[PDB]
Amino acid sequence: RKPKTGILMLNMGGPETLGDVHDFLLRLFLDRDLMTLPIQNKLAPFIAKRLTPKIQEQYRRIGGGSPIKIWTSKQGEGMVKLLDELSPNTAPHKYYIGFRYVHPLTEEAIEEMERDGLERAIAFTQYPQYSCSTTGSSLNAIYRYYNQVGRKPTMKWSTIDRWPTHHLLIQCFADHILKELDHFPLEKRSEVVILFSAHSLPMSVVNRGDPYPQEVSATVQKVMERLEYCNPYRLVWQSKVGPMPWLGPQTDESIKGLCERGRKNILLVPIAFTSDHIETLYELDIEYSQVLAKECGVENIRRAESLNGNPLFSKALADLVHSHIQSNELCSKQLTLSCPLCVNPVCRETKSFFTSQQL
């Protein structure tokens, strides 16, 4: 049975091995839609080379590479198995991985999808909360692919561009939080502070209208609602780099602040990504929770398990796709509104690519 419906799982991706680091960075610094640099074609290769050593070291510290593809594949496999039973009218389903800066690239995935002669293609972002710098960037790649190939799609496209409050996603987070709370000494469980952590954004991006912060906040509220506000919490942000202003509080400074104020039992909850990656395995676990935590004299700091291979998460993915198919929606209503201060002409073209699709 030839594939009928293709589910393109979009994510930035991460280098699988240390040798993949350089090209990962090179592709990223060459993404004119992601950032604008003077003589970019000359500086991109240079910046990539200068950052490679330190980044390779970070990946070495976590085993030698990113586990994103392994987790994405497991989730994709599980999603497809469920879909073939859930939606027989659109079966057989096939998942395709479309990483923005590593193989398989978004472009390579689309090429394969077209070759397979699919009837429908669904751009399914793996970021539950929409940022023009994450999901937007991947959707732009799809639009740009067809414009560069000078050909129109031979498949009918649509996108699941965000899903910050899907009930099963919320259930997965709540479940993982409860199981991690069970790992704290019973006597300290009620005193545990939950720090939801998500990749930060530069204020220049937040200030133009990026919908990310508000959606991440929505995910946090739903999770706490399901947990019946059992513990106190704060939503903080990690991964800031450079001297420019970014959205705070910073996760590292918040952990230190809490410890210095007597709150030494902390549960970190990555709330904007669904698998382990450099942000959790290195930044939170090693950079912070090993150098900071100790130096601050904390009692117990743990991190909720990433969704990774949780079967319930695969069900969440399948239900999202199933509902999307049955609704006949081309994209979210939110995608039809670009940032009030957007200055990137590709955003409007990408939005139109999806809203104009033949049904």
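Counting begins at 1, following the sequence as shown.
Relative to its counterpart among 156-164 and 87-95, 87-95 has the higher mean temperature factor, C-alpha atoms as listed in the PDB entry. In this entry, the higher average B-factor at the C-alpha atoms falls on 182-190, of the pair 241-249 and 182-190.
Each of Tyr212, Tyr229, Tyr288, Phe124 has a CA temperature factor in the record; the biggest one is found at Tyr288. The PDB entry assigns its highest CA temperature factor, among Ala304, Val321, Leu312, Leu34, to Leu34. The PDB entry assigns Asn147 a C-alpha temperature factor belonging to the highest third of its chain's modelled residues.
Compared with the other modelled residues of the chain, the Cα B-factor recorded for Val343 ranks in the highest third.
When the modelled residues of the chain are ordered by their C-alpha B factor, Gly262 lands in the highest third. When all modelled residues of the chain are sorted by CA temperature factor, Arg115 is found within the highest third.
When the modelled residues of the chain are ordered by their C-alpha B factor, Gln334 lands in the lowest third.
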